[PDB]
């Protein structure tokens, strides 16, 4: 088949808000989306996974964790997750320090991706084109002292999470895996996958 551009794929297959946040992140990282295009797609994918991980999850009027897949959650419901990824540096740390000084949860040394108000911990989300256990170790070694819970997804459906604690129900994680499969399949149809996979 014809070779598409990764740029075209990103703009056509991710929500514009995700794309914009990804562009802003790369600018902050000092990287040009039009040159580091595999990176651009990876950043969009990881941001989307962070959003999907948080989607629909609330803590109810009684303080238990519930899933509300409707458009209207009751106004007394609080979001279960704080989302850290996607914020600029200053705002991301502002949100972290707030959570920390508020919950007593110690300050992480690197920005994590989410905070889970049910499990009372930060989460680092990983998305990898390689085997989950290798990527897991890489994340953990960067994290060192671990308060922060790690959850890794691969494009082929494997997962690895700290202490075999996967946080979410199967259906939620299935949504994420289905989305990753869709991304891979679409990339493949445009002949972008092999390089995207190899570039990690």
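Residue numbers count along the first chain shown, from 1.
When 70-78 is weighed against 115-123, 70-78 comes out higher, by mean CA B-factor as recorded in the entry.
Mean CA B-factor, 54-62 versus 160-168: the higher value falls on 54-62. Annotation for residue 44: C-alpha temperature factor in the lowest third relative to the rest of the modelled chain, per the entry. Per the deposited record, the Cα B-factor of residue 90 falls in the lowest third when ranked against the other modelled residues of its chain.
Among all modelled residues in its chain, residue 100 ranks in the highest third by Cα B-factor. Annotation for residue 133: C-alpha temperature factor in the highest third relative to the rest of the modelled chain, per the entry. Among the modelled residues of its chain, residue 140 has a C-alpha B-factor that falls in the highest third according to the deposited record.
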